[PDB]
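Engineer: Structure in structure tokens, see below.
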Amino acid sequence: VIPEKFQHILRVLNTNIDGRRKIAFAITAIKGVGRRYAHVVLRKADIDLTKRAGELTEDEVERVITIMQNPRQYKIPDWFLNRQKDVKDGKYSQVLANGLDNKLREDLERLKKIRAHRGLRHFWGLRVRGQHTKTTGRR
Amino acid sequence: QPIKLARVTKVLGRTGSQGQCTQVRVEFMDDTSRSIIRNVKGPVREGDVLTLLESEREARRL
Amino acid sequence: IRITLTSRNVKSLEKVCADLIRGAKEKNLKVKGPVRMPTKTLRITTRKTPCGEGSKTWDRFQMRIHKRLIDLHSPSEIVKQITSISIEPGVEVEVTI
Amino acid sequence: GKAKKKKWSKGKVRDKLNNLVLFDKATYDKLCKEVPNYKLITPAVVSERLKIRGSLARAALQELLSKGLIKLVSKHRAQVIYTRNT
Amino acid sequence: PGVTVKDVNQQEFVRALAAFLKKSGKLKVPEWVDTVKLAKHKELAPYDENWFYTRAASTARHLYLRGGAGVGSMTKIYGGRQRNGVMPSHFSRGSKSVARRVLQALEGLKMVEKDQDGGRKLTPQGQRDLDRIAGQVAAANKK
Amino acid sequence: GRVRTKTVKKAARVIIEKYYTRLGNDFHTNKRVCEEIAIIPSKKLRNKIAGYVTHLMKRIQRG
Amino acid sequence: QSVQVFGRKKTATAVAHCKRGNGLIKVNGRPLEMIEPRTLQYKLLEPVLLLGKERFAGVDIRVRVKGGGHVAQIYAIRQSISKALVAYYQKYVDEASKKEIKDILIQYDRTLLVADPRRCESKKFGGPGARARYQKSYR
Amino acid sequence: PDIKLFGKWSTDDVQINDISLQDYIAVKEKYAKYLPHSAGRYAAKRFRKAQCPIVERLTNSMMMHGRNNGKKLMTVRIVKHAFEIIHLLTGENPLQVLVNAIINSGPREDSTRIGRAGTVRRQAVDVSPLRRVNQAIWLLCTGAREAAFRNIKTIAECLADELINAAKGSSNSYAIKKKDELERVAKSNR
RNA sequence: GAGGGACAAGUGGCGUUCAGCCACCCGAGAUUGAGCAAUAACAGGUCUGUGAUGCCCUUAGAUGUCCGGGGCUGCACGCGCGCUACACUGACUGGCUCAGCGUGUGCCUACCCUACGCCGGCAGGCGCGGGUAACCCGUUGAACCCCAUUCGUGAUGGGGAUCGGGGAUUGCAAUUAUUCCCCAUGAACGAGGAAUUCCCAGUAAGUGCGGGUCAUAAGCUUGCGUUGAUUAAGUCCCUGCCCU
Ligand SMILES: [Mg+2]
Ligand SMILES: [Mg+2]
Ligand SMILES: [Mg+2]
Ligand SMILES: [Mg+2]
Ligand SMILES: [Mg+2]
Ligand SMILES: [Mg+2]
Ligand SMILES: [Mg+2]
Ligand SMILES: [Mg+2]
Ligand SMILES: [Mg+2]
Ligand SMILES: [Mg+2]
Ligand SMILES: [Mg+2]
Ligand SMILES: [Mg+2]
């Protein structure tokens, strides 16, 4: 009946801290993994939802990290990933927690060279989709 | 320190800065037919048994 | 074969209905009833004002479109004989064979 | 920017209180010992009094229901109603 | 005796029928629904693993109720309250892919006859199947 | 509620002044008598006038 | 033998066809024990759990409702049964028992024979509801 | 032919131990109904509200605060769970302790303004018994709501605990807390 | 469609002969909600609705009119009407079950309502049919609500603002506004001080739908439906009004 397994908090990708309430909602704590993607990776890994994060095998953790680093070998088509076709490489992949901030830095680094007003309003204290900025953006 | 009860015989009128209390000359159940006038706020009819915490007062009418 | 009497107002509707039933009783035709239709209403709400001063005071304009349908199986000569009716101008007549 | 609010009401119940995810050895042993002593087996009392979460409380109550020690009166949306005979 | 599906409560009927359709093996589930499919316009996936058989049982119950519904009609039958966030909620509709999937699967398993003017309607084989399943569910209820 | 208009009371006084023997002490008969002897288009006004006519009949029957 | 009694809830109408038989109440092909809320499985049975069992076994009534709300349909079924028994006791059974059972129904409840004269009022052109107004702006 | 019963209940021999609240609680046989969700049309006459049953009044005062403003089926279910919890707590019938809570759940007098257009002294005056029933039901449902706010306990469980701690003079319920808050101020301004 | 039914009529009491008031019953109701709404004024708004208009201004490089961009959306700020939350009466998932106003085409001049089947996960595309309308959308299988699972008091799965990549639709053109959909990023917010707005029975509030602009287009407004409170039915104390 699973009395107690010696597992409290895991460590994934050197920055993220896994929780203790579930397994999908602890993979949700990884940046770049949110509401639906964690449950999709769990359903590909075929793990029962009643089991916690402290009741799961480290080999299965490595299998989940394998699905993270290469999802396209089995399943999960190109629409569901975070990073779509516009890469400057044209590669269909899922971003990491350390990788997402680096991709945002590359986005802003090329938008500063483009000098588009989207990058200009992000560099200044303005909003891109903030069409009205009377009440929006105070303090 | 007695706590007595009393049923309403008649209703005189309504009184207050808001017009909320009702001056009620109630009656005495536990004794003979004697008369005190009480200020009762809230709805009241003729025959409502009222809880009295002090049977020593007397309100005045105008 | 059906005949639709669509009127602007209820008084001319009932007058042309009574006149048509009075003209249809004496002939040898199985006359169906003046089938009542639901009254249509075009509700229009208006600001009442060109400039926005005062409370939001709105109009409510309506019409009462009234309609009746009857069924009269008859030859076309008898239908064209019944068609000639001294009628109120607020009543429109449609025929369908 | 600045943080300003018009009311000041701090000091809640207990300071981000911890709560057990899975039942321990001695904790579940104490549960099995004094679970006949409670007359009204409700998951809120089992969770708040005995340092249990709601999910582990419902899991333990369904486990004792499958064991057949506490009789269910009427189960519903969120008011699980259990009672022990005698 | 005579058992009607309205005589028995539904939350026993669909809960048994989602397993009797597993026992009969009447499901088509090609590739994308094997992978993952979300709800109407939502953020999560259904929980109980037999949700395909649950949708098929609800489709069978609704085609027993109303004969002549279609893909869009059954999509409006399912329906949805689309919570948008700051913008208030409205009534959105479900997906048409499962709505044609379940009808195509039951047509391949010989339970849906097409209408010449509308869509799905009942078959005598599916009538016998649902009537015997409702009878054994009523027998399990009374026993 | 019965604080009726002067034209209503004046019409009912004209009715009770001209035609008394045609009126009785029943509302459903006095209304039909008043609508046989007078012209009132509004049915609420018919009921109002006939009620005050019955009230005047109950006053005349006493004193 | 065949008397159909109608509804008259606020936006709910229950046609109740009566018939002599062996004990049946049909609500849109669905029997008496099935009520669309689970909470109201004492209010709809008030003609059943108060008036006896031989009346239920003697009178068969099918009920078809074209209501608009659930509570409106429940009270429409209740009023349609409680008036269809009165109509069947007018058309078949003697008045010496009809008046007794009518006095029992009246002294139990008012809404068994008398309908509710309550319809929703029109929304006003000044405020958001039938009585309310919007918020003012003073200084 | 059977007795009028809520669920599997009896609704009999529920005795009001005192006067000044008699003929206002509908617990008797002449006003016994099967569910609180009844045809509530008691807002026309000034004195037809007292014929409403106190369980229906408790449901109507329980449904408040916008997010639950309505849902009589839900609040009748909540009061059903509360009566079931009170019954399973060593018997001590929920209808009887509900009547006892209406009797002993708050004010016996209140202080308010007097006229004279002068100094407001807030003289302690009498209170209507209907107003005592109203304020008792209001304090019980408010205490149950703020006891079941932000916890694991439910509305029904805290309402059952509130009715038990109000029927028993333990001075640990919010109805008795506001009873203290009203009667100490009433004795001070007496 | 016509007619009926309700008028304080019948009883008791209080009131002056009166005028009238309170409770009962028969009744569906002992009266619902709107429209119109007097004399005389505001030195209230509209010349930016009118080929409705007086005076002045411009009339040939035009203050007339077309075409191509920007703008009214621009933000160190304060204010008003509103929507969503601050969770467990709840959030998620699955099942069940109910409507009413009202709208819809080849127009006194350019345009919809969409049913059925197939494909795509999605917004959507394709073939075909009906409706100038109680015919078809449509028996508007609506949301809350009715049951079962998950969550467990943790800024948490409540909240979805902000931001990045992509996919479809109207439009000739959406980037410094369309809109919608998929993933991801997940702040403040712990029921709000001084002050203040609305409301007495199908009422406020919760919740959804139809019309107006519409092409894409509602968080506004007008109407309609579902569930449906607590408590007054009194007063002139704050404010304002009517008559001496
Ligand atoms: Mg303001
Ligand atoms: Mg609110
Ligand atoms: Mg000219
Ligand atoms: Mg502007
Ligand atoms: Mg400006
Ligand atoms: Mg405004
Ligand atoms: Mg959320
Ligand atoms: Mg969060
Ligand atoms: Mg809401
Ligand atoms: Mg449109
Ligand atoms: Mg629109
Ligand atoms: Mg606008």
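Positions of Cβ are generated from backbone atoms using ideal geometry, with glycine treated the same way; all protein chains shown enter the neighbour counts. We did not get these values from a lab; they are worked out from the coordinates using the rules stated.
Engineer: Farther than 30 Å from G:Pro37 by Cα, in contact with a helix residue (DSSP H, G or I) (Cβ under 8 Å, 6 or more places away or on another chain) and not β-branched (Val, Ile, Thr): which single residue out of D:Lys51, D:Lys25, D:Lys7, D:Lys30 fits that description?
Structural biologist: Every option except D:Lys51 fails the conditions.
Engineer: Please find, within region D:32-58, the residue that is surrounded by the fewest Cβ atoms within 10 Å (Cβ to Cβ) out of those that are touching a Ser or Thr at 6+ places or on another chain (Cβ under 8 Å) and facing another protein chain (nearest Cβ under 9 Å).
Structural biologist: Step by step, filter region D:32-58, then rank; the result is D:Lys39.
Engineer: OK, next. Can you name the number of the only condition in (1) more than 18 Å from H:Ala148 (Cα to Cα); (2) more than 14 Å from chain A (Cβ to nearest Cβ); (3) more than 8 Å from RNA strand I (Cβ to nearest atom) that D:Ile81 fails?
Structural biologist: (1)
Engineer: Scanning for something facing chain B (nearest Cβ under 9 Å) and under 30 Å from H:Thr75 (Cβ atoms), does region H:105-120 turn up at least one residue?
Structural biologist: yes
Engineer: Here is a follow-up. Condition first: within 18 Å of C:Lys67 (Cβ to Cβ), touching a residue at least 24 places away in the same chain (Cβ under 8 Å) and part of a helix (DSSP H, G or I). Now tell me which residues in region C:1-23 satisfy that.
Structural biologist: C:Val10, C:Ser12, C:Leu13, C:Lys15, C:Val16, C:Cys17, C:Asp19, C:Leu20
Engineer: Now for a separate question. Identify, please: which residue in region G:130-139 is within 14 Å of chain C (Cβ to nearest Cβ) and surrounded by fewer than 10 Cβ atoms within 10 Å (Cβ to Cβ) and is, among those, nearest to ligand 2 (Cβ to nearest atom)?
Structural biologist: G:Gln135
Engineer: Can I ask one more? For residues that are assigned to a loop (DSSP other than H, G, I, E, B) and of a type in the set (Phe, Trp, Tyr), scanning just region H:1-46, find the one that is nearest to H:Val133 (Cα to Cα).
Structural biologist: The qualifying residue nearest to H:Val133 (Cα to Cα) is H:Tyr24.
Engineer: Something else now. Determine whether E:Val137 is assigned to a helix (DSSP H, G or I), away from ligand 1 (no atom under 16 Å from the Cβ), surrounded by 14 or more Cβ atoms within 10 Å (Cβ to Cβ) and within 14 Å of chain A (Cβ to nearest Cβ).
Structural biologist: When the stated conditions are applied, E:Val137 does not pass them.
Engineer: Let me ask something else about it. State whether the residues of region G:106-118 include one that is surrounded by 10 or more Cβ atoms within 10 Å (Cβ to Cβ), more than 11 Å from every other protein chain (Cβ to nearest Cβ) and either within 16 Å of ligand 6 (Cβ to nearest atom) or of a type in the set (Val, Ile, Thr) (or both).
Structural biologist: Yes; the residues of region G:106-118 include at least one that is surrounded by 10 or more Cβ atoms within 10 Å (Cβ to Cβ), more than 11 Å from every other protein chain (Cβ to nearest Cβ) and either within 16 Å of ligand 6 (Cβ to nearest atom) or of a type in the set (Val, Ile, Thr) (or both).
Engineer: Also, quick follow-up: What tally of residues in region B:11-62 results from selecting those that are basic (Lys, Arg) and either farther than 23 Å from H:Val120 by Cα or within 7 Å of chain H (Cβ to nearest Cβ) (or both)?
Structural biologist: Summing the residues that are basic (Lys, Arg) and either farther than 23 Å from H:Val120 by Cα or within 7 Å of chain H (Cβ to nearest Cβ) (or both) in region B:11-62 gives 5.
Engineer: Tell me, please, whether a residue that is β-branched (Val, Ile, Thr), farther than 22 Å from B:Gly42 by Cα and buried (at least 16 other Cβ atoms within 10 Å of the Cβ) can be found in region H:46-54.
Structural biologist: Within region H:46-54 (the criterion being β-branched (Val, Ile, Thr), farther than 22 Å from B:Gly42 by Cα and buried (at least 16 other Cβ atoms within 10 Å of the Cβ)), the answer is no, since none of the residues qualifies.
Engineer: Quick one: which residue in H:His65, H:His81 is crowded, with 20+ Cβ neighbours inside 10 Å, more than 15 Å from the chain's Cα centre (by Cα) and away from ligand 1 (no atom under 16 Å from the Cβ)?
Structural biologist: H:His81
Engineer: May I ask you to list the residues in region H:1-34 that are within 24 Å of G:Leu50 (Cβ to Cβ), under 15 Å from the mean Cα position of the chain (by Cα) and β-branched (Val, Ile, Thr)?
Structural biologist: H:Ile25, H:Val27
Engineer: Yes or no: H:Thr90 more than 12 Å from chain B (Cβ to nearest Cβ) and touching a residue at least 60 places away in the same chain (Cβ under 8 Å)?
Structural biologist: No; evaluated as a whole, the condition is false for this residue.
Engineer: Restrict the check to region G:92-103 and report whether at least one residue is crowded, with 16+ Cβ neighbours inside 10 Å, of a type outside the set (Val, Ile, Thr) and either away from ligand 2 (no atom under 16 Å from the Cβ) or more than 13 Å from every other protein chain (Cβ to nearest Cβ) (or both).
Structural biologist: Yes, some residue in region G:92-103 is crowded, with 16+ Cβ neighbours inside 10 Å, of a type outside the set (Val, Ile, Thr) and either away from ligand 2 (no atom under 16 Å from the Cβ) or more than 13 Å from every other protein chain (Cβ to nearest Cβ) (or both).
Engineer: What residue, of H:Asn134, H:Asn172, H:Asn151, is surrounded by fewer than 21 Cβ atoms within 10 Å (Cβ to Cβ) and within 14 Å of chain B (Cβ to nearest Cβ)?
Structural biologist: Among H:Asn134, H:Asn172, H:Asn151, only H:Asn134 is surrounded by fewer than 21 Cβ atoms within 10 Å (Cβ to Cβ) and within 14 Å of chain B (Cβ to nearest Cβ).
Engineer: Can you tell me which of H:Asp13, H:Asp18, H:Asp2 is charged (D, E, K, R) and in contact (Cβ under 8 Å) with a residue 60 or more places away in the chain?
Structural biologist: The unique qualifying residue is H:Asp18.
Engineer: Which ones in region H:1-45 are of a type in the set (A, V, I, L, M), facing another protein chain (nearest Cβ under 8 Å) and surrounded by fewer than 17 Cβ atoms within 10 Å (Cβ to Cβ)?
Structural biologist: Of everything in region H:1-45, those that are of a type in the set (A, V, I, L, M), facing another protein chain (nearest Cβ under 8 Å) and surrounded by fewer than 17 Cβ atoms within 10 Å (Cβ to Cβ) turn out to be H:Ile19, H:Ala39.
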